[PDB]
Amino acid sequence: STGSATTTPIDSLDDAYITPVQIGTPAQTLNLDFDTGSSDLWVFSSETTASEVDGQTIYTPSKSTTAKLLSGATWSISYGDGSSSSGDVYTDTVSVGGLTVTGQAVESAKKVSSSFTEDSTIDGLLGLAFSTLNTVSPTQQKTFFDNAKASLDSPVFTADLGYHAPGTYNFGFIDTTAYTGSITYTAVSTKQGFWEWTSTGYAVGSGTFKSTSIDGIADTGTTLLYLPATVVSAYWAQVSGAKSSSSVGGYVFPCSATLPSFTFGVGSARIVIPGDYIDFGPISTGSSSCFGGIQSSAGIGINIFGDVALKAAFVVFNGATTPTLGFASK
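Spelled out as structure tokens, the structure:
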């Protein structure tokens, strides 16, 4: 089997992407944030504290003839941005782009943090990291991909995120029309539960490539590119007037600037992030100070190849017995 679904930016900055997901019988379609940095499929629901729902579409398990309470199971998650959610668990039928999993754990939120409430466009998350990170207790549950894998034509999914435009998540096949040149594959460590890999270096603009190993994670659920402070300083030094602002929370730059590109290495291959991908617009409405899309990972404890990086590539998440990651230009 295969599946193919379009993923759409939630706003004009590509702050996140939402993908429609069918849950239950009859189908209830929710727009979920596909997150390769976590491993829980959780949704706003009829169980979510009423004051914490503000415009989201909810899953109502009592209206699904295939929903079953997973007795005694609870979940609770905290994300790297300080947001969180928790609740109980149903199993139900879940379909993405024509690919169906029966008996998928659907984690129903009883509580969500303010950042989730305040984002009316995201109805929940669909985790695509390794199932070892799943938070369901006392019996850990599998991701949608892990459940689908054996049935797929090939045990892979691909992320093709657009810049200020829709893109695609495919399951079970590689669309050879969706990228240019070849796909370069690179090793993955699953030791921390992530799609963790090592970039071979970087360049800023038309500058020379610096060969240096940068361990980090391919994370579709993180907006920006978080890299070591040395790398980030080298980038922003090429933008007149750019500075790190403790009060804003990262590098800012004059909105009048033209940003240089940023290149990262995948083995001997190179992925080029155009400068415009690094612009996250005014820090507040009407400001001439703009927020940068490349930020320091210092004090995160891990480097994160988030959407800023991934949307410059066609990315293969290869879930073979020994997982790997592939990157192609597009």
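In the deposited numbering, the protein residues as written are 1 to 330. Even for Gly, the Cβ is constructed at its ideal location relative to N, Cα and C.
Asked	Found
Identity of the residues DSSP links to residue 81 by a beta bridge	Note: residue 81 sits in no beta bridge, so no partner.
Residue 34 to residue 64 span [Cα, whole Å]	23 Å
The stretch 211-219 contacting the stretch 24-34, beta-carbon criterion three pairs below 8 Å	no
Extent of the continuous beta strand (DSSP E) run through residue 145	That residue, residue 145, is in no beta strand (DSSP E); its alpha helix (DSSP H) goes 144-148.
Unbroken stretches of the beta strand (DSSP E), 3 residues or longer, contained in the stretch 211-237	225-227
Among 194, 268, 102, the one whose alpha carbon lies nearest that of residue 303	194
Own chain residues within Cβ distance below 6 Å of residue 314, not counting five before or after	160, 178, 179, 328, 330
Neighbourhood of residue 112 by C-beta, 6 Å cutoff - its chain only, sequence neighbours within 5 removed	52, 85
Cβ-Cβ distance between residue 24 and residue 98 below 7 Å	no
Residue 191 (DSSP reduced to helix, strand or coil)	coil
Contacting residues, own chain, Cβ-Cβ under 7 Å from residue 316 (five flanking each side not counted)	156, 158, 174, 183, 325, 326
Delimiting residues of the beta strand (DSSP E) encompassing residue 308	Unbroken run through residue 308 is the alpha helix (DSSP H), 307-310; no beta strand (DSSP E).
Span of the beta strand (DSSP E), counted from its first residue to its last, around residue 117	Element bounds for residue 117: not the beta strand (DSSP E) but the alpha helix (DSSP H), 114-117.
CB contact flag (residue 150, residue 229, <7 Å)	no
Secondary structure of residue 99, DSSP reduced to three states	strand
For residue 231, the nearest candidate out of 7, 131, 262 (CA to CA)	262
Per-residue burial, residue 348 [other beta carbons within 10 Å of its own, 16 or more giving buried]	Past the boundaries of the shown model lies residue 348; the chain is included only from 1 to 330, so the question cannot be answered.
Cβ contact (3+ pairs, closer than 8 Å) linking the stretch 120-140 and the stretch 272-289	no
Best match in 170, 275, 76, 68 for proximity to residue 260 [C-alpha to C-alpha]	275
Whole runs of the beta strand (DSSP E) within the stretch 160-204, excluding any shorter than 3 residues	167-171, 184-187, 196-204
Coil, strand or helix - residue 332 by DSSP	What is shown of the chain runs 1 to 330, which leaves residue 332 out entirely.
Rounded straight-line distance, which links the Cα of residue 290 to that of residue 169	30 Å
Residue 325 - containing beta strand (DSSP E), residue span	324-328
Beta-carbon contacts of residue 257 that lie in its chain and below 6 Å, excluding the five residues immediately before and after	239
Backbone secondary structure at residue 282 - three-state DSSP	strand
For residue 274, three-class secondary structure by DSSP	coil
As assigned by DSSP and simplified to three states, the class of residue 47	coil
7 Å Cβ shell around residue 204 - same chain, five flanking residues per side excluded	234, 235, 238, 260, 262
Beta carbon of residue 126 nearer than 7 Å to that of residue 69	no
Closest residue to residue 162 among 242, 185, 16, 27 (Cα-Cα distance)	16
Proximity of residue 131 and residue 146 at Cβ, strictly below 7 Å	yes
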